[PDB]
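What follows is one chain in structure tokens, specifically the form deposited in one PDB entry.
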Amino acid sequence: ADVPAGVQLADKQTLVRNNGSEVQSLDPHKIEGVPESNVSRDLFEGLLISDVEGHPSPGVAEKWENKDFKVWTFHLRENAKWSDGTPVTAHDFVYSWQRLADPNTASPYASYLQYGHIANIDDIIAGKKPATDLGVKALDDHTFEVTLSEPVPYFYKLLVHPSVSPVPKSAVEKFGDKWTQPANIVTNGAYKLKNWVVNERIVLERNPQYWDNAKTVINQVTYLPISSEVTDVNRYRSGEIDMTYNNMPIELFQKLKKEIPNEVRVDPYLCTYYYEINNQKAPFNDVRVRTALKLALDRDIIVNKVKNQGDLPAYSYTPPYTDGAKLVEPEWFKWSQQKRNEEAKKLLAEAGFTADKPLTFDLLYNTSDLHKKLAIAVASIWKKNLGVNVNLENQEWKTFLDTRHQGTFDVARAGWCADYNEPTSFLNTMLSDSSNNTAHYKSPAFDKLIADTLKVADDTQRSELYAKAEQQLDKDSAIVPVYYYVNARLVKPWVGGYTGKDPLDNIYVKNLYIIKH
């Protein structure tokens, strides 16, 4: 936290944040959502961290360097220590990236090492080579060298992600699954876990061993698991919540913007809301059925009339405002909704479904007031526009995630937020063997395009290929893009440090401070 001069801080330096759902885990190797990451950035610190404007900055590494984007050398600060006063060494990173890669860990993010293209990643994941073969090395206790198979200029960018955070050899080996229990956890971020009560709260407290302890202002932070955006908003209104989750209820939003307008933050967010189709199950394995659903959805109504929070209607997976994206708007998007509907009617007919002999399927959503509102609207539009019968089902956040991965669904509400600001953050998720591939989409052609991005002679060449890769997904109608998110949440007047200027929303509680009020 960098407290301005004019600022007169409060006595109690504590914060309460809504975290949207009960997290999958606190183990950095077992998580994949936004909620999990919120908490992780507070507890575990990797090589780099994001500053308040979302730019990669020194974390555990103080300085780093690369030899042609292929060999990267990280110089670890000598004062970095764990929760228990033990130092953070190069060896911690060696062990942690190995465990992430290890097929046994079954991390939903194992593929992250593939995205960075660390030497031998393929075979390890494949199980042909042991994780010990990873192209990572502790040169000495304070030197961590990374060897890649190709030149990746944006490599350092990936490093602020929790999956590449170090984990404690000791606790892990000693307690296994129970290592994250408060009595057993060892952390290296600004905070330590004080308390964890499932479906009630997670309470964090200042970690005095953090190398940057003198700049930490908030002594305690509480994370709540409230999935009802309305409840969040009520409780914030009561004055029990300082910063809500960044999902705003469609019901109250307009109200809010008029009564407490300085507390309503609405910033650009590098996320895409979409309806994911299980690509491997009949009849969704047919591109005509996929395309009809993509086309029959009326983005206009959903974005501008139903929701109405400032999101942008989407035509791609990768948000067009991502660093390095030069996208082409598809022709279907430039049409009239009735033109799209007619087209859509036709594709489905061709596929064998008409309003007389219709298609019926399940639309899965994670429990949420916002998501439920939308799914209803969407099911209505497809009924209206296509004569399809949609059956709504909802699951709990961690169950919802697991279903997606299992492929025991039809169509699901989905969202993907960038982990780094570069097109591959979105694109790598569609790789046939990607651990994050929950569309169950497999395109050799798509694979080859992405693969080619790391074999190019220059940067321009790179971006044309990313535009080509998006055209392919769209061709295949892998998904149904809906909108490009706005980051909209309520922040009490006394919370300092929340700029809203990081499109990744990678907030660190060590960066906020309470003002006298």
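In this text, residue numbers run from 1 along the sequence as written.
Just so it is clear, the following notes concern the form deposited in another entry, a form of the same protein that is not shown.
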| query | finding |
| --- | --- |
| Residue marking the hinge between the shown form and the other one [rigid parts; choose from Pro168, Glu22, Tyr485, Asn188] | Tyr485 |
| Pair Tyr236/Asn394, Cα separation in the other form versus the displayed form, closer or farther by 3 angstroms or more | farther |
| Cα-Cα trend for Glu65 and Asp459, given that in the other form the distance shifts by 3 Å or more | closer |
